[PDB]
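Quick look at entry13.cif (mmCIF, N, CA and C atoms):
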data_work
loop_
_atom_site.label_atom_id
_atom_site.label_comp_id
_atom_site.auth_asym_id
_atom_site.auth_seq_id
_atom_site.Cartn_x
_atom_site.Cartn_y
_atom_site.Cartn_z
N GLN A 150 76.15 72.22 50.60
CA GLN A 150 74.85 71.60 50.39
C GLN A 150 74.99 70.55 49.30
N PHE A 151 74.28 69.44 49.46
CA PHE A 151 74.11 68.49 48.37
C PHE A 151 73.26 69.10 47.27
N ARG A 152 73.73 68.97 46.03
CA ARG A 152 73.05 69.45 44.85
C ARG A 152 72.38 68.27 44.13
N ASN A 153 72.02 68.46 42.87
CA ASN A 153 71.15 67.52 42.18
C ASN A 153 71.89 66.26 41.74
N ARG A 154 71.10 65.29 41.28
CA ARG A 154 71.54 63.97 40.86
C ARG A 154 72.52 64.01 39.70
N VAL A 155 73.77 63.64 39.96
CA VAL A 155 74.83 63.63 38.96
C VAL A 155 75.10 62.22 38.43
N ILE A 156 75.15 61.23 39.32
CA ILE A 156 75.46 59.85 38.96
C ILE A 156 74.19 59.01 39.03
N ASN A 157 74.03 58.12 38.06
CA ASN A 157 73.01 57.08 38.10
C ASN A 157 73.45 55.97 39.05
N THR A 158 72.85 55.92 40.24
CA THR A 158 73.16 54.93 41.25
C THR A 158 72.41 53.61 41.08
N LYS A 159 71.65 53.42 40.00
CA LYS A 159 70.78 52.25 39.87
C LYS A 159 70.90 51.58 38.51
N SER A 160 72.02 51.77 37.81
CA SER A 160 72.32 50.98 36.62
C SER A 160 72.81 49.61 37.05
N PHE A 161 71.92 48.62 37.02
CA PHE A 161 72.24 47.28 37.49
C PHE A 161 73.06 46.47 36.50
N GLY A 162 73.20 46.92 35.26
CA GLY A 162 74.04 46.22 34.30
C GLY A 162 73.63 44.80 34.02
N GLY A 163 72.36 44.46 34.24
CA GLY A 163 71.90 43.09 34.12
C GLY A 163 72.40 42.12 35.17
N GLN A 164 73.13 42.60 36.18
CA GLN A 164 73.53 41.73 37.28
C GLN A 164 72.40 41.60 38.29
N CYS A 165 72.39 40.47 39.00
CA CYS A 165 71.55 40.27 40.17
C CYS A 165 72.42 40.31 41.43
N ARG A 166 72.92 41.51 41.73
CA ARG A 166 73.84 41.74 42.84
C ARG A 166 73.05 42.00 44.13
N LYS A 167 72.55 40.92 44.72
CA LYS A 167 71.88 41.00 46.01
C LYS A 167 72.88 41.23 47.14
N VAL A 168 72.50 42.07 48.11
CA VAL A 168 73.13 42.09 49.42
C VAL A 168 72.05 41.97 50.49
N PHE A 169 72.31 41.15 51.50
CA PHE A 169 71.47 41.15 52.70
C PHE A 169 71.95 42.23 53.65
N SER A 170 71.04 43.13 54.02
CA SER A 170 71.42 44.29 54.83
C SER A 170 71.78 43.92 56.26
N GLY A 171 71.30 42.79 56.76
CA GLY A 171 71.62 42.37 58.11
C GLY A 171 70.96 43.26 59.14
N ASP A 172 71.48 44.47 59.29
CA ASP A 172 70.66 45.60 59.70
C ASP A 172 69.51 45.75 58.71
N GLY A 173 68.35 46.18 59.21
CA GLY A 173 67.17 46.27 58.38
C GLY A 173 66.60 44.94 57.93
N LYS A 174 67.35 43.85 58.08
CA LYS A 174 66.82 42.50 57.89
C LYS A 174 66.10 42.35 56.55
N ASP A 175 66.69 42.88 55.49
CA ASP A 175 66.10 42.86 54.16
C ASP A 175 67.20 42.69 53.12
N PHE A 176 66.80 42.27 51.92
CA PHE A 176 67.70 42.16 50.78
C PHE A 176 67.53 43.36 49.86
N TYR A 177 68.64 43.95 49.43
CA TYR A 177 68.65 45.08 48.52
C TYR A 177 69.49 44.77 47.29
N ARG A 178 69.10 45.34 46.16
CA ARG A 178 69.83 45.18 44.91
C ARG A 178 70.76 46.37 44.69
N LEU A 179 72.06 46.12 44.68
CA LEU A 179 73.01 47.16 44.35
C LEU A 179 73.13 47.34 42.84
N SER A 180 73.57 48.52 42.43
CA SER A 180 73.96 48.70 41.04
C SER A 180 75.14 47.80 40.72
N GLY A 181 75.32 47.55 39.42
CA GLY A 181 76.40 46.68 38.97
C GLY A 181 77.78 47.26 39.16
N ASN A 182 77.90 48.59 39.28
CA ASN A 182 79.19 49.25 39.28
C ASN A 182 79.64 49.83 40.61
N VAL A 183 78.77 49.88 41.62
CA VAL A 183 79.17 50.47 42.90
C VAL A 183 80.28 49.63 43.52
N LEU A 184 81.36 50.29 43.94
CA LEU A 184 82.51 49.54 44.46
C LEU A 184 82.21 48.90 45.80
N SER A 185 81.48 49.58 46.68
CA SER A 185 80.95 48.86 47.83
C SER A 185 79.76 49.59 48.41
N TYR A 186 78.94 48.85 49.14
CA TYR A 186 77.87 49.42 49.96
C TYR A 186 77.64 48.50 51.15
N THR A 187 77.83 49.01 52.38
CA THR A 187 77.87 48.13 53.54
C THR A 187 77.10 48.77 54.69
N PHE A 188 76.64 47.93 55.62
CA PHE A 188 75.65 48.35 56.62
C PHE A 188 76.10 48.11 58.06
N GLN A 189 77.39 48.08 58.35
CA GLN A 189 77.79 48.06 59.75
C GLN A 189 77.53 49.43 60.38
N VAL A 190 77.14 49.42 61.65
CA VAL A 190 76.59 50.59 62.34
C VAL A 190 77.62 51.16 63.30
N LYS A 191 77.68 52.49 63.39
CA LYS A 191 78.40 53.15 64.48
C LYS A 191 77.52 54.19 65.17
N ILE A 192 77.75 54.39 66.47
CA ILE A 192 77.03 55.39 67.24
C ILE A 192 78.03 56.22 68.03
N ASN A 193 77.80 57.53 68.09
CA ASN A 193 78.57 58.43 68.95
C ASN A 193 77.63 59.32 69.75
N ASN A 194 77.87 59.41 71.06
CA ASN A 194 77.12 60.29 71.95
C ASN A 194 78.11 61.13 72.76
N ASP A 195 77.83 62.43 72.89
CA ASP A 195 78.56 63.33 73.79
C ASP A 195 77.55 64.13 74.61
N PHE A 196 77.64 64.05 75.95
CA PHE A 196 76.94 64.96 76.85
C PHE A 196 77.91 65.96 77.47
N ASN A 197 77.51 67.23 77.52
CA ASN A 197 78.10 68.25 78.39
C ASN A 197 77.11 68.98 79.31
N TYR A 198 76.86 68.43 80.50
CA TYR A 198 76.16 69.13 81.58
C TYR A 198 77.09 70.09 82.32
N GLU A 199 76.59 71.30 82.58
CA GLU A 199 77.35 72.29 83.35
C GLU A 199 76.38 73.21 84.07
N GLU B 395 77.02 94.94 121.37
CA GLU B 395 76.40 95.92 122.25
C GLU B 395 77.48 96.83 122.81
N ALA B 396 77.29 98.15 122.70
CA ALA B 396 78.18 99.12 123.33
C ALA B 396 77.39 100.20 124.05
N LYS B 397 77.80 100.52 125.28
CA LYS B 397 77.08 101.43 126.16
C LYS B 397 78.05 102.45 126.76
N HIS B 398 77.63 103.71 126.81
CA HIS B 398 78.28 104.75 127.62
C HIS B 398 77.19 105.49 128.38
N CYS B 399 77.03 105.18 129.67
CA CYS B 399 75.95 105.74 130.47
C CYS B 399 76.54 106.32 131.76
N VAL B 400 76.28 107.60 132.00
CA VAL B 400 76.98 108.42 133.00
C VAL B 400 75.96 109.28 133.74
N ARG B 401 76.07 109.33 135.06
CA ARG B 401 75.25 110.20 135.91
C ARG B 401 76.13 111.10 136.76
N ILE B 402 75.93 112.41 136.63
CA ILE B 402 76.66 113.42 137.38
C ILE B 402 75.68 114.18 138.27
N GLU B 403 76.12 114.55 139.47
CA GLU B 403 75.36 115.43 140.35
C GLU B 403 76.30 116.37 141.09
N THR B 404 75.78 117.55 141.43
CA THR B 404 76.54 118.58 142.13
C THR B 404 75.58 119.47 142.90
N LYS B 405 75.87 119.70 144.18
CA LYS B 405 75.30 120.81 144.93
C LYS B 405 76.41 121.69 145.48
N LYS B 406 76.17 123.00 145.47
CA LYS B 406 77.08 123.98 146.06
C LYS B 406 76.27 125.00 146.84
N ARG B 407 76.79 125.40 148.00
CA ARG B 407 76.07 126.27 148.92
C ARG B 407 77.02 127.32 149.48
N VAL B 408 76.53 128.55 149.59
CA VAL B 408 77.37 129.70 149.92
C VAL B 408 76.67 130.56 150.96
N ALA B 411 72.84 131.30 149.86
CA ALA B 411 72.41 130.88 148.53
C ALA B 411 72.77 129.42 148.30
N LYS B 412 72.03 128.77 147.39
CA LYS B 412 72.34 127.41 146.98
C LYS B 412 72.15 127.29 145.47
N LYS B 413 72.97 126.45 144.85
CA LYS B 413 72.82 126.08 143.45
C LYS B 413 73.08 124.59 143.29
N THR B 414 72.33 123.94 142.39
CA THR B 414 72.52 122.52 142.14
C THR B 414 72.36 122.23 140.66
N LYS B 415 73.05 121.18 140.21
CA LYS B 415 72.87 120.63 138.87
C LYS B 415 72.92 119.11 138.96
N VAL B 416 72.07 118.44 138.18
CA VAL B 416 72.12 116.98 138.05
C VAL B 416 71.83 116.62 136.60
N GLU B 417 72.62 115.70 136.05
CA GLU B 417 72.43 115.27 134.67
C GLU B 417 72.67 113.77 134.55
N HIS B 418 71.92 113.14 133.65
CA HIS B 418 72.14 111.75 133.26
C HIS B 418 72.15 111.65 131.74
N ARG B 419 73.17 111.00 131.19
CA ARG B 419 73.24 110.69 129.77
C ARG B 419 73.48 109.19 129.62
N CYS B 420 72.87 108.57 128.61
CA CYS B 420 73.17 107.16 128.33
C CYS B 420 73.04 106.95 126.82
N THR B 421 74.18 107.00 126.13
CA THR B 421 74.26 106.70 124.71
C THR B 421 74.63 105.24 124.48
N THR B 422 73.99 104.62 123.48
CA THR B 422 74.11 103.18 123.30
C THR B 422 74.04 102.85 121.81
N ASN B 423 74.73 101.78 121.43
CA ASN B 423 74.62 101.18 120.11
C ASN B 423 74.41 99.68 120.26
N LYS B 424 73.66 99.11 119.32
CA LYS B 424 73.64 97.68 119.06
C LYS B 424 73.72 97.43 117.57
N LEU B 425 74.53 96.44 117.17
CA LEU B 425 74.63 96.06 115.77
C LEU B 425 74.57 94.55 115.63
N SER B 426 73.95 94.07 114.55
CA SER B 426 74.04 92.67 114.16
C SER B 426 74.26 92.57 112.66
N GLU B 427 75.10 91.62 112.25
CA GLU B 427 75.21 91.19 110.86
C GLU B 427 75.06 89.68 110.77
N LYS B 428 74.31 89.22 109.77
CA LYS B 428 74.27 87.82 109.37
C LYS B 428 74.71 87.67 107.91
N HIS B 429 75.71 86.82 107.69
CA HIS B 429 76.30 86.54 106.38
C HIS B 429 76.01 85.09 106.01
N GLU B 430 74.81 84.82 105.52
CA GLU B 430 74.47 83.49 105.02
C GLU B 430 74.72 83.41 103.52
N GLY B 431 75.31 82.31 103.08
CA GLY B 431 75.58 82.13 101.66
C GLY B 431 75.80 80.68 101.29
N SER B 432 75.54 80.37 100.02
CA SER B 432 75.77 79.04 99.47
C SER B 432 76.24 79.16 98.03
N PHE B 433 77.04 78.19 97.59
CA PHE B 433 77.46 78.11 96.18
C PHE B 433 77.69 76.64 95.83
N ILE B 434 76.76 76.04 95.10
CA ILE B 434 76.94 74.69 94.57
C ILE B 434 77.25 74.76 93.08
N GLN B 435 78.12 73.86 92.61
CA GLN B 435 78.53 73.80 91.22
C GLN B 435 78.69 72.34 90.82
N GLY B 436 78.65 72.07 89.52
CA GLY B 436 78.96 70.73 89.04
C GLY B 436 79.03 70.68 87.54
N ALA B 437 79.54 69.54 87.05
CA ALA B 437 79.56 69.26 85.62
C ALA B 437 79.50 67.76 85.40
N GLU B 438 79.03 67.36 84.22
CA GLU B 438 79.13 65.97 83.76
C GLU B 438 79.53 65.96 82.30
N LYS B 439 80.67 65.35 81.98
CA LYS B 439 80.87 64.79 80.65
C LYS B 439 80.35 63.36 80.57
N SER B 440 79.75 63.02 79.42
CA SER B 440 79.63 61.63 79.00
C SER B 440 79.97 61.51 77.52
N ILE B 441 80.70 60.46 77.17
CA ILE B 441 81.06 60.18 75.78
C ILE B 441 80.93 58.68 75.57
N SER B 442 80.24 58.28 74.51
CA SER B 442 80.06 56.86 74.24
C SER B 442 80.26 56.59 72.76
N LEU B 443 80.85 55.43 72.46
CA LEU B 443 81.05 54.99 71.09
C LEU B 443 80.71 53.52 71.01
#
Take the structure in this file and express it as C-alpha coordinates.
Amino acid sequence: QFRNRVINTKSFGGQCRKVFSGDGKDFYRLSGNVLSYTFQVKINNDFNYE
Amino acid sequence: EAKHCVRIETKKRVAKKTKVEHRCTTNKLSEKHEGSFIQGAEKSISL
(Lines of atoms letter the chains of each structure in order from A and count residues from 1; the text may use other names and numbers.)
(Lines give C-alpha, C1' and ligand atoms only; values in the text may rest on other atoms or scores of the structure.)
Protein backbone atom coordinates (compact mmCIF):
# COMPACT_ATOMS: atom_id res chain seq x y z
CA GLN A 1 0.00 0.00 0.00
CA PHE A 2 1.07 3.58 -0.57
CA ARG A 3 1.67 5.31 2.76
CA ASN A 4 1.82 8.99 3.69
CA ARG A 5 3.60 11.95 2.07
CA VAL A 6 7.37 11.58 2.44
CA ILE A 7 8.76 13.87 -0.30
CA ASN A 8 7.73 17.45 -1.07
CA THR A 9 6.81 17.18 -4.77
CA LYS A 10 6.09 20.93 -5.13
CA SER A 11 9.26 22.77 -4.08
CA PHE A 12 9.60 24.91 -7.22
CA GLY A 13 12.91 26.44 -6.13
CA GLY A 14 11.91 29.76 -7.69
CA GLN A 15 12.04 28.21 -11.16
CA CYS A 16 9.29 28.67 -13.75
CA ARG A 17 9.58 25.10 -15.08
CA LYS A 18 6.55 24.90 -17.36
CA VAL A 19 5.69 21.72 -19.24
CA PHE A 20 2.91 21.45 -21.80
CA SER A 21 1.11 18.18 -21.11
CA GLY A 22 0.11 17.66 -24.75
CA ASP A 23 -2.20 15.07 -23.41
CA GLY A 24 -4.65 17.02 -21.28
CA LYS A 25 -3.85 20.06 -23.46
CA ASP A 26 -2.72 22.14 -20.47
CA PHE A 27 0.44 23.63 -18.96
CA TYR A 28 1.68 22.34 -15.59
CA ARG A 29 4.42 23.61 -13.28
CA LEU A 30 6.93 20.97 -12.21
CA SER A 31 8.99 21.20 -9.08
CA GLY A 32 12.52 22.49 -9.55
CA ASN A 33 14.14 19.18 -8.62
CA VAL A 34 12.08 16.42 -10.28
CA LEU A 35 14.34 14.59 -12.72
CA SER A 36 11.53 14.04 -15.19
CA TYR A 37 7.77 14.05 -15.61
CA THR A 38 6.31 13.03 -18.97
CA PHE A 39 2.89 12.35 -20.48
CA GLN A 40 3.23 9.83 -23.31
CA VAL A 41 0.38 7.30 -23.10
CA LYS A 42 0.27 3.51 -23.21
CA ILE A 43 -2.73 1.17 -23.30
CA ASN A 44 -2.96 -2.59 -22.72
CA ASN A 45 -6.06 -4.75 -23.20
CA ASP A 46 -6.44 -8.53 -22.71
CA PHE A 47 -9.67 -10.48 -23.35
CA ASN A 48 -10.19 -14.14 -22.40
CA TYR A 49 -13.57 -15.48 -23.59
CA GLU A 50 -14.15 -19.19 -22.90
CA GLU B 1 -39.30 -55.66 -33.39
CA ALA B 2 -39.05 -59.32 -32.33
CA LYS B 3 -41.88 -61.87 -32.46
CA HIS B 4 -42.33 -65.52 -31.45
CA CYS B 5 -45.91 -66.58 -32.24
CA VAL B 6 -46.88 -70.27 -32.37
CA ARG B 7 -50.16 -72.19 -32.79
CA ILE B 8 -50.42 -75.89 -31.90
CA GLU B 9 -53.43 -78.21 -32.29
CA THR B 10 -54.01 -81.91 -31.62
CA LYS B 11 -56.93 -84.32 -31.75
CA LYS B 12 -56.70 -87.98 -30.74
CA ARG B 13 -59.46 -90.59 -30.92
CA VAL B 14 -59.63 -94.12 -29.54
CA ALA B 15 -63.40 -91.76 -26.69
CA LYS B 16 -61.91 -88.50 -27.99
CA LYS B 17 -59.49 -85.95 -26.56
CA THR B 18 -58.30 -82.66 -28.04
CA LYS B 19 -55.97 -79.79 -27.15
CA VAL B 20 -55.38 -76.47 -28.93
CA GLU B 21 -53.08 -73.64 -27.83
CA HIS B 22 -51.84 -70.33 -29.20
CA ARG B 23 -48.97 -68.28 -27.76
CA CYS B 24 -47.53 -65.05 -29.17
CA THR B 25 -44.74 -63.34 -27.22
CA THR B 26 -43.38 -60.10 -28.63
CA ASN B 27 -40.94 -57.28 -27.91
CA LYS B 28 -40.47 -53.82 -29.37
CA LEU B 29 -37.65 -51.45 -28.42
CA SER B 30 -36.60 -47.96 -29.51
CA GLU B 31 -33.67 -45.77 -28.50
CA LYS B 32 -32.97 -42.19 -29.58
CA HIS B 33 -29.51 -40.72 -28.82
CA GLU B 34 -29.70 -37.00 -29.58
CA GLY B 35 -26.82 -34.82 -28.44
CA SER B 36 -24.88 -31.62 -29.08
CA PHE B 37 -21.64 -30.07 -27.81
CA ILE B 38 -20.52 -26.60 -28.93
CA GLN B 39 -17.35 -24.99 -27.57
CA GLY B 40 -15.23 -21.93 -28.26
CA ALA B 41 -12.71 -19.39 -27.04
CA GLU B 42 -11.42 -15.93 -27.92
CA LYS B 43 -8.17 -14.32 -26.95
CA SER B 44 -7.69 -10.65 -27.71
CA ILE B 45 -4.59 -8.65 -26.79
CA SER B 46 -3.93 -5.05 -27.79
CA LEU B 47 -1.14 -2.58 -27.11
Item to complete: Decode the PyMOL selection byres ((chain A) within 8 of (chain B)) for the given file into explicit residues and return them as a count of residues only.
Response: 9
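One distance worth recording is that between atom C of residue 182 of chain A and atom CA of residue 166 of chain A, which is 10.2 Å.
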Item to complete: Determine the residue membership of the PyMOL selection byres ((chain B and resi 402) around 6) for the file above and supply it as JSON, numbers by chain.
Response: {"B": [400, 401, 403, 404, 415, 416, 417, 418]}
May I have the residues at most 9 Å from (79.4, 42.6, 53.9) in the file's coordinates, counting only C-alpha atoms, as a short mmCIF file (atom, residue, chain, number, x, y, z; two decimals) with N, CA and C atoms, in the frame of the given file?
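Generated file (selection15.cif):
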data_model
loop_
_atom_site.label_atom_id
_atom_site.label_comp_id
_atom_site.auth_asym_id
_atom_site.auth_seq_id
_atom_site.Cartn_x
_atom_site.Cartn_y
_atom_site.Cartn_z
N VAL A 168 72.50 42.07 48.11
CA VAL A 168 73.13 42.09 49.42
C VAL A 168 72.05 41.97 50.49
N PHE A 169 72.31 41.15 51.50
CA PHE A 169 71.47 41.15 52.70
C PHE A 169 71.95 42.23 53.65
N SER A 170 71.04 43.13 54.02
CA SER A 170 71.42 44.29 54.83
C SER A 170 71.78 43.92 56.26
N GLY A 171 71.30 42.79 56.76
CA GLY A 171 71.62 42.37 58.11
C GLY A 171 70.96 43.26 59.14
N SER A 185 81.48 49.58 46.68
CA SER A 185 80.95 48.86 47.83
C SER A 185 79.76 49.59 48.41
N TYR A 186 78.94 48.85 49.14
CA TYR A 186 77.87 49.42 49.96
C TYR A 186 77.64 48.50 51.15
N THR A 187 77.83 49.01 52.38
CA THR A 187 77.87 48.13 53.54
C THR A 187 77.10 48.77 54.69
N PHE A 188 76.64 47.93 55.62
CA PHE A 188 75.65 48.35 56.62
C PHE A 188 76.10 48.11 58.06
N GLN A 189 77.39 48.08 58.35
CA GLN A 189 77.79 48.06 59.75
C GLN A 189 77.53 49.43 60.38
#
Give me the result of the PyMOL selection byres (((chain B and resi 398 and name CA) around 10) and name CA) on this file, residue by residue, as a PDB file with N, CA and C atoms, in the coordinates of the input.
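Output (result-v3.pdb):
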ATOM      1  N   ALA B 396      77.290  98.150 122.700  1.00  0.00           N
ATOM      2  CA  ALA B 396      78.180  99.120 123.330  1.00  0.00           C
ATOM      3  C   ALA B 396      77.390 100.200 124.050  1.00  0.00           C
ATOM      4  N   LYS B 397      77.800 100.520 125.280  1.00  0.00           N
ATOM      5  CA  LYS B 397      77.080 101.430 126.160  1.00  0.00           C
ATOM      6  C   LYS B 397      78.050 102.450 126.760  1.00  0.00           C
ATOM      7  N   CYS B 399      77.030 105.180 129.670  1.00  0.00           N
ATOM      8  CA  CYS B 399      75.950 105.740 130.470  1.00  0.00           C
ATOM      9  C   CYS B 399      76.540 106.320 131.760  1.00  0.00           C
ATOM     10  N   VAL B 400      76.280 107.600 132.000  1.00  0.00           N
ATOM     11  CA  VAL B 400      76.980 108.420 133.000  1.00  0.00           C
ATOM     12  C   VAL B 400      75.960 109.280 133.740  1.00  0.00           C
ATOM     13  N   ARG B 419      73.170 111.000 131.190  1.00  0.00           N
ATOM     14  CA  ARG B 419      73.240 110.690 129.770  1.00  0.00           C
ATOM     15  C   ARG B 419      73.480 109.190 129.620  1.00  0.00           C
ATOM     16  N   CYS B 420      72.870 108.570 128.610  1.00  0.00           N
ATOM     17  CA  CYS B 420      73.170 107.160 128.330  1.00  0.00           C
ATOM     18  C   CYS B 420      73.040 106.950 126.820  1.00  0.00           C
ATOM     19  N   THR B 421      74.180 107.000 126.130  1.00  0.00           N
ATOM     20  CA  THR B 421      74.260 106.700 124.710  1.00  0.00           C
ATOM     21  C   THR B 421      74.630 105.240 124.480  1.00  0.00           C
ATOM     22  N   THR B 422      73.990 104.620 123.480  1.00  0.00           N
ATOM     23  CA  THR B 422      74.110 103.180 123.300  1.00  0.00           C
ATOM     24  C   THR B 422      74.040 102.850 121.810  1.00  0.00           C
ATOM     25  N   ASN B 423      74.730 101.780 121.430  1.00  0.00           N
ATOM     26  CA  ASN B 423      74.620 101.180 120.110  1.00  0.00           C
ATOM     27  C   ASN B 423      74.410  99.680 120.260  1.00  0.00           C
TER      28      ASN B 423
END
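Atom to atom, atom C of residue 181 of chain A and atom N of residue 154 of chain A stand 19.3 Å apart.
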So that all listed atoms of segment 188-194 of chain A fit with 3 Å spare on each side, what axis-aligned box centre and edge lengths in Å, to one decimal, would you give as AutoDock Vina command-line options?
--center_x 77.1 --center_y 54.5 --center_z 64.2 --size_x 8.9 --size_y 19.2 --size_z 23.1
Item to complete: Check the DSSP output for the backbone and give back, as a PyMOL selection string, the residues of chain A in strand (DSSP E).
Response: chain A and resi 167-169+176-178+194-198
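Between atom CA of residue 395 of chain B and atom N of residue 427 of chain B lies a distance of 11.0 Å.
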Protein/DNA/RNA residues near (75.8, 54.1, 44.5), cut 6.5 Å, all atoms listed in the file, as a PDB file with N, CA and C atoms, in the coordinates of the input:
ATOM      1  N   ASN A 157      74.030  58.120  38.060  1.00  0.00           N
ATOM      2  CA  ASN A 157      73.010  57.080  38.100  1.00  0.00           C
ATOM      3  C   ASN A 157      73.450  55.970  39.050  1.00  0.00           C
ATOM      4  N   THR A 158      72.850  55.920  40.240  1.00  0.00           N
ATOM      5  CA  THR A 158      73.160  54.930  41.250  1.00  0.00           C
ATOM      6  C   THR A 158      72.410  53.610  41.080  1.00  0.00           C
ATOM      7  N   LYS A 159      71.650  53.420  40.000  1.00  0.00           N
ATOM      8  CA  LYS A 159      70.780  52.250  39.870  1.00  0.00           C
ATOM      9  C   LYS A 159      70.900  51.580  38.510  1.00  0.00           C
ATOM     10  N   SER A 180      73.570  48.520  42.430  1.00  0.00           N
ATOM     11  CA  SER A 180      73.960  48.700  41.040  1.00  0.00           C
ATOM     12  C   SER A 180      75.140  47.800  40.720  1.00  0.00           C
ATOM     13  N   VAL A 183      78.770  49.880  41.620  1.00  0.00           N
ATOM     14  CA  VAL A 183      79.170  50.470  42.900  1.00  0.00           C
ATOM     15  C   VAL A 183      80.280  49.630  43.520  1.00  0.00           C
TER      16      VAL A 183
END
